[PDB]
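Notes follow the structure.
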RNA sequence: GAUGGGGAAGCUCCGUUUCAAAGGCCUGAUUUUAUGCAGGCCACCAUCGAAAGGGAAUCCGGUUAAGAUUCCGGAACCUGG
RNA sequence: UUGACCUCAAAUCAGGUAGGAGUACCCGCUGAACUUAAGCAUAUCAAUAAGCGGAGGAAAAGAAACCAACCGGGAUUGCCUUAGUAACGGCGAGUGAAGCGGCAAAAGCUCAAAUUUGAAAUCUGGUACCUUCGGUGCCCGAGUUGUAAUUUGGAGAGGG
Ligand SMILES: [Mg+2]
Ligand SMILES: [Mg+2]
Ligand SMILES: [Mg+2]
Ligand SMILES: [Mg+2]
Ligand SMILES: [Mg+2]
Ligand SMILES: [Mg+2]
Ligand SMILES: [Mg+2]
Ligand SMILES: [Mg+2]
Ligand SMILES: [Mg+2]
Ligand SMILES: [Mg+2]
Ligand SMILES: [Mg+2]
Ligand SMILES: [Mg+2]
Ligand SMILES: [Mg+2]
Ligand SMILES: [Mg+2]
Ligand SMILES: [Mg+2]
Ligand SMILES: [Mg+2]
Ligand SMILES: [Mg+2]
Ligand SMILES: [Mg+2]
Ligand SMILES: [Mg+2]
Ligand SMILES: [Mg+2]
Ligand SMILES: [Mg+2]
Ligand SMILES: [Mg+2]
Ligand SMILES: [Mg+2]
Ligand SMILES: [Mg+2]
Ligand SMILES: [Mg+2]
Ligand SMILES: [Mg+2]
Ligand SMILES: [Mg+2]
Ligand SMILES: [Mg+2]
Ligand SMILES: [Mg+2]
Ligand SMILES: [Mg+2]
Ligand SMILES: [Mg+2]
Ligand SMILES: [Mg+2]
Ligand SMILES: [Mg+2]
Ligand SMILES: [Mg+2]
Ligand SMILES: [Mg+2]
Ligand SMILES: [Mg+2]
Ligand SMILES: [Mg+2]
Ligand SMILES: [Mg+2]
Ligand SMILES: [Mg+2]
Ligand SMILES: [Mg+2]
Ligand SMILES: [Mg+2]
Ligand SMILES: [Mg+2]
Ligand SMILES: [Mg+2]
Ligand SMILES: [Mg+2]
Ligand SMILES: [Mg+2]
Ligand SMILES: [Mg+2]
Ligand SMILES: [Mg+2]
Ligand SMILES: [Mg+2]
Ligand SMILES: [Mg+2]
Ligand SMILES: [Mg+2]
Ligand SMILES: [Mg+2]
Ligand SMILES: [Mg+2]
Ligand SMILES: [Mg+2]
Ligand SMILES: [Mg+2]
Ligand SMILES: [Mg+2]
Ligand SMILES: [Mg+2]
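Chains as they are written, first to last, in the entry's author numbering: chain h5, 2 to 120; chain l5, 2 to 51; chain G5, 141 to 198; chain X5, 22 to 142; chain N5, 2 to 204.
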């Protein structure tokens with residue numbers, strides 16, 4: 002059978018912890034029964050279920066942290082958008098659009114005008 | 002030998018678990034070109050060199 | 141720039157300046173231009189009348 | 022006007038005030054869970070033709086234990102998952118990678134009654 | 002500005018006033034370390050016309066280099082070759098010591114960029130240079146578009162590739178018939194004149 | 001064999017206590033309180049390096065297809081609190 | 001006694017950066033010899049291999065302290081060509097550019113040296129708030145040993 006991911010996001014931190022303890026008793030009883038019978042494929046469909054509970058809990062904990070650093074500077078590093086190293090050590094779009102005040106007068110007075118040859 | 006470190010003994014576990022033939026269900030698979038185990042190591046002929 | 145236009149009245153010179161090449165020509169300018177110049181001890185008491193730290197001339 | 026008298030002929034670094042950390046952001050922002058759980062210390066009961074002779078006769082309850090567990094973390098894992106007191110914890114590293122644990126129980130707690138209770142005999 | 006007065010006073014190096022300050026500063030800088038922080042420029046006219054602005058980020062370092070020729074590092078003067086290259090002592094190090102002075106402060110402060118450098122003082126054993134460095138990650142340098150080009154990653158370690166005032170001089174990048182051996186790069190003008198170009202429809 | 005330093009275009013070399021502001025233990029002070037401060041002291045000044053050097057403290061009996069002064073039974077010792 | 005300046009430190013102080021890999025191409029340093037000269041030492045191989053430092057998707061060069069001697073041209077790079085010529089070389093072997101012309105591509109510019117002086121008008125950081133790859137307000141600081149505005153040689157500034 003196995004658990005589903007969308008039915009674990011509607012549960013609290015206490016209920017997901019209480020579900021996670023019961024799933025580790027499932028391996029603690031079926032690894033005992035693993036040496037009795039020569040083949041037990043039932044252990045595969047529950048170790049992926051613990052990997053699904055540990056994903057929803059890790060999802061709810063990180064989203065709780067993202068709501069208190071929201072709207073302020075100095076967020077932690079793993080919450081930052083990485084996207085590469087080389088563009089993080091680079092000029093931002095505001096700092097690359099910084100034109101000097103002398104060239105700003107030249108762009109207003111004489112911009113790149115359009116022209117054509119027809120007559 | 003017999004009074005060793007853990008790092009030397011750690012590679013002995015990988016060297017022991019690889020000294021075995023192929024499983025019997027390997028040769029029956031679809032499109033298999035493997036006929037035997039070519040990495041069989043014997044302690045008398047080819048030493049592992051740690 | 142105020143000495144060359146004869147617009148200075150009393151020029152103070154601080155001896156505490158460690159880059160001395162900034163300040164060696166200041167008694168030379170005030171001598172030819174007729175500006176009376178004074179040498180005062182410490183650039184720290186010149187920053188109290190101006191609310192700065194380094195105020196070598198006034 | 023007078024200076025400070027110095028009774029020693031050696032000038033040294035003055036003791037200053039070292040501040041404690043008041044960080045603007047957490048380092049990893051998530052308190053990580055227990056890396057070695059109570060269900061991760063013990064991983065498999067060992068049922069050989071020799072390990073079962075220590076359960077019935079020697080009062081030794083043999084477990085297979087992960088490599089990151091000492092004698093401390095095995096004794097508090099049997100007392101938590103079973104409520105069974107432990108006299109001694111005895112470990113050896115197997116030659117095939119994992120670690121074997123010989124756990125001798127007390128005289129008041131029998132090892133054959135806990136074997137058939139959980140499922141292996 | 003009064004920096005025109007400092008410009009003519011600095012040109013009289015063998016005057017009676019700049020021979021007193023030469024001897025005090027050659028002793029003060031020798032008792033300090035080889036590469037140490039200079040918290041204030043001693044020549045405010047030279048640094049300003051090289052690009053020093055009195056704000057947060059522009060850092061002056063003072064550096065010391067040894068004086069003389071480059072002895073060949075071969076063991077015991079043994080060449081093992083033709084007698085043309087047999088000489089050891091009289092090899093004279095095709096880079097300027099001003100560029101070596103810029104390179105040693107680059108390895109120590111790898112988070113700053115070497116802008117320029119200038120001579121201050123010397124003796125028979127050392128040369129003294131005040132090398133100006135610009136901090137690129139400071140927000141006054143990331144803004145203020147006069148100096149936003151140093152944050153571009155093609156200017157990483159300009160002192161090691163010859164892009165400074167003494168780097169382009171030692172490489173010999175100038176305009177002229179005298180600079181035909183190197184005008185845009187010596188190893189680039191060497192490969193344009195020895196590449197045997199074989200076309201599609203061969204002439 | 002790092003560091004402070006001194007060389008070297010540089011990979012790195014020398015030195016290791018030498019032209020260095022190079023450090024941590026006992027106790028008292030507190031009854032908003034946690035550990036800041038008053039001392040009295042102490043300058044020793046990385047670290048690695050011999051399962052035959054130095055070096056705290058266990059024995060006998062029994063036991064397994066193969067384990068032992070390590071398990072069991074009995075009897076001791078040392079270190080730390 | 002107390003408050004500053006200057007210089008130099010201390011921090012598991014607040015938050016930022018490099019160091020390594022790759023290395024075909026690219027920027028410098030350093031640097032041979034076999035071979036050729038029918039020997040060999042200058043030369044040649046070669047301002048190459050190896051070694052070393054440092055970047056990017058290109059790098060580098062670049063808006064003349066230029067080419068020219070003409071009715072002058074007009075940043076740099078690439079190609080055709082000049083040319084295998086001028087010249088260098090026991091002028092021995094060998095080595096060897098550049099100006100013009102045609103074409104691909106074409107884009108130019110800003111810092112100091114000036115008194116804002118009837119008003120540091122400039123900027124980092126902290127904090128509150130928000131249409132937050134940012135802005136406003138506030139509080140410290142950097143800074144007069146000079147931060148904005150103006151101009152930088154083609155001009156331009158101060159007056160009328
Ligand atoms: Mg990264
Ligand atoms: Mg970053
Ligand atoms: Mg042994
Ligand atoms: Mg043999
Ligand atoms: Mg052999
Ligand atoms: Mg070996
Ligand atoms: Mg053991
Ligand atoms: Mg002169
Ligand atoms: Mg400063
Ligand atoms: Mg030789
Ligand atoms: Mg040689
Ligand atoms: Mg000397
Ligand atoms: Mg350039
Ligand atoms: Mg040439
Ligand atoms: Mg080149
Ligand atoms: Mg050719
Ligand atoms: Mg050629
Ligand atoms: Mg063709
Ligand atoms: Mg043909
Ligand atoms: Mg060493
Ligand atoms: Mg030893
Ligand atoms: Mg040791
Ligand atoms: Mg020993
Ligand atoms: Mg011994
Ligand atoms: Mg016995
Ligand atoms: Mg046994
Ligand atoms: Mg035996
Ligand atoms: Mg016993
Ligand atoms: Mg007893
Ligand atoms: Mg005791
Ligand atoms: Mg910190
Ligand atoms: Mg690198
Ligand atoms: Mg390389
Ligand atoms: Mg080169
Ligand atoms: Mg050479
Ligand atoms: Mg050959
Ligand atoms: Mg020959
Ligand atoms: Mg021959
Ligand atoms: Mg020969
Ligand atoms: Mg030769
Ligand atoms: Mg040849
Ligand atoms: Mg050559
Ligand atoms: Mg190479
Ligand atoms: Mg890249
Ligand atoms: Mg680019
Ligand atoms: Mg392109
Ligand atoms: Mg121009
Ligand atoms: Mg004409
Ligand atoms: Mg041209
Ligand atoms: Mg010819
Ligand atoms: Mg020849
Ligand atoms: Mg010839
Ligand atoms: Mg040649
Ligand atoms: Mg043309
Ligand atoms: Mg432009
Ligand atoms: Mg300006």
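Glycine included, every Cβ here is placed at the ideal spot set by N, Cα and C.
A residue is listed when its beta-carbon falls short of 6 Å from at least one non-hydrogen atom of ligand 12; in chain order these are 124 (chain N5) and 126 (chain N5). Remark: C-beta atoms of residue 99 (chain h5) and residue 146 (chain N5) approach each other more closely than 7 Å. For chain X5, the residues of the region 12-34 of chain l5 that bring a beta carbon within less than 7 Å of one of its beta carbons are 13, 14, 17 and 18, in chain order.
With a cutoff of 7 Å on beta-carbon distance, residue 57 (chain h5) and residue 10 (chain h5) are scored as near each other. Residue 95 (chain h5) sits in a helix when the DSSP states are folded into three classes. One alpha carbon belongs to residue 43 (chain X5), the other to residue 104 (chain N5), and they sit about 37 Å apart.
For residue 152 (chain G5), the CB contacts under 6 Å within the same chain, skipping 5 residues up- and downstream, are 178, 180 and 198 in chain order. Contact of residue 159 (chain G5) with chain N5 is assigned, a C-beta pair being separated by under 7 Å. Per DSSP, residue 102 (chain h5) is one residue of the alpha helix (DSSP H) stretching across 102-110. Comparing alpha carbon positions, the residue from 15 (chain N5), 30 (chain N5), 28 (chain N5) and 10 (chain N5) closest to residue 160 (chain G5) is 10 (chain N5). Within the region 143-163 of chain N5, contact with chain h5 at the beta-carbon level (separation under 8 Å) is assigned to 143, 144, 145, 146, 147, 149, 152, 153 and 154. Listed along chain l5, the residues sitting closer than 7 Å to residue 117 (chain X5) by beta-carbon distance are 14, 17 and 18.
Classified as buried, residue 186 (chain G5) has 16 or more neighbouring CB atoms from the shown chains inside 10 Å of its CB. In this structure, residue 45 (chain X5) places its C-beta atom within 7 Å of the C-beta atom of residue 75 (chain h5). Straight-line spacing of the CA atoms in residue 126 (chain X5) and residue 106 (chain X5) works out to 6 Å. Along the region 168-191 of chain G5, none of the residues has a CB nearer than 7 Å to a CB of chain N5.
Between residue 39 (chain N5) and residue 96 (chain h5), the alpha-carbon positions lie close to 30 Å from each other. The Cβ-Cβ distance between residue 35 (chain h5) and residue 41 (chain h5) falls below 7 Å. Chain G5 places a beta carbon closer than 7 Å to that of residue 43 (chain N5), counting this residue as a contact. What residue 27 (chain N5) touches in chain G5, judged by beta-carbon distance under 9 Å, is nothing: the nearest beta carbon there is about 15 Å away. With fewer than 16 other CB atoms across the displayed protein chains lying within 10 angstroms of its CB, residue 15 (chain h5) is exposed.
Around the C-beta of residue 118 (chain h5), fewer than 16 other C-beta atoms lie within 10 Å, and the residue is accordingly described as exposed. Sequence-distant Cβ neighbours of residue 100 (chain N5) in its own chain, meaning closer than 6 Å and more than five residues away, are 167, 168 and 171. For residue 21 (chain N5), the enclosing alpha helix (DSSP H) stretches over residues 21-32.
Between the alpha carbons of residue 48 (chain l5) and residue 55 (chain h5) lies a gap of roughly 44 Å. Take residue 123 (chain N5), set aside five residues on each side of it, and the residues of its chain with a beta-carbon closer than 7 Å to its own are 129, in chain order. Annotated three-state conformation of residue 86 (chain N5) is helix, per DSSP.
When the alpha-carbon of residue 14 (chain l5) is set against those of 47 (chain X5), 117 (chain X5) and 40 (chain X5), the nearest one is in 117 (chain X5). Only those residues of the region 96-112 of chain h5 whose C-beta falls short of 7 Å from the nearest C-beta of chain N5 are listed: 96, 99, 100 and 101. No Cβ-Cβ contact shorter than 7 Å links residue 148 (chain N5) with residue 65 (chain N5). DSSP places residue 120 (chain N5) in the strand class (E or B) of the three-state scheme. About 6 Å separates the Cβ atoms of residue 62 (chain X5) and residue 87 (chain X5), confirming a contact at the 8 Å cut-off. Short of 8 Å from the beta carbon of residue 60 (chain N5), and not among the five residues preceding or following it, lie these beta carbons of its own chain, in chain order: 38, 110, 113, 133, 134, 135 and 136.
Within the same chain, and ignoring the five residues on either side of residue 11 (chain l5) in sequence, no residue has its Cβ closer than 6 Å to its Cβ.
Counting only Cβ-Cβ distances below 7 Å, residue 6 (chain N5) has contacts in chain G5 at 165, in chain order. Taking 6 Å as the cut-off, the C-beta of residue 82 (chain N5) counts as close to a heavy atom of ligand 10.
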